[PDB]
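Student: Return atomic coordinates for the entry below.
(2 chains)
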Protein chains: 2
Amino acid sequence: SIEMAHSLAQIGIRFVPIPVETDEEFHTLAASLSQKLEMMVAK
Amino acid sequence: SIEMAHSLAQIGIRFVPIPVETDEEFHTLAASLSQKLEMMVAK
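Tutor: Numbering: from 1, shown residues only, chains lettered A, B, ... in the order given. This is the structure:
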């Protein structure tokens, strides 16, 4: 159903599905999602 | 799989699954999720 949500669950990451209204908001928030995940798995 | 994610999708809301590290962070972020949704559907 939701590729991002499923992927995070499969790899054992808990998350909160924050809603968006604006396309720019989605792209920026999605960018934030990517950035945060990279930091989480950083070594 | 993810009750929050599925519910939002079913009702036509796009969202970004932001990950958490801390239980307090999850509860606060979840609270933010609830607050934002209420504003979105407010009349």
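Student: tell me which parts of chain A are close to chain B?
Tutor: Residues of chain A lying close to chain B (CB under 8 Å from any CB of the partner chain) are A:1-2, A:4-6, A:8-9, A:13-21, A:26, A:29-30, A:32-33, A:36-37, A:40. All C-beta atoms are positioned from the backbone trio N, CA, C, and that covers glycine.
Student: Which stretches in chain A count as helices?
Tutor: Using DSSP state H, the helices of chain A run over A:3-10, A:23-41.
Student: Dump those to CSV, plus mean neighbour count.
Tutor: Shown next, in CSV, are these (neighbours: other CB atoms under 10 Å in any protein chain shown):
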stretch, mean neighbour count
helix A:3-10, 15
helix A:23-41, 13
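Student: Measure how buried the residue nearest to residue A:6 when sequence neighbours are not counted is and give me the count.
Tutor: Using CB to CB, 6 or more residues apart in numbering or on different chains and skipping residues adjacent in sequence, the residue nearest residue A:6 is residue B:1, 6.1 Å away. The local packing of residue B:1 (other CB atoms under 10 Å in any protein chain shown) involves 10 other residues.
Student: was I right about residue B:1 contacting residue A:3?
Tutor: No. If you go by CB atoms under 8 Å, residue B:1 and residue A:3 don't touch, sitting 11.6 Å apart.
Student: All set now, cheers.
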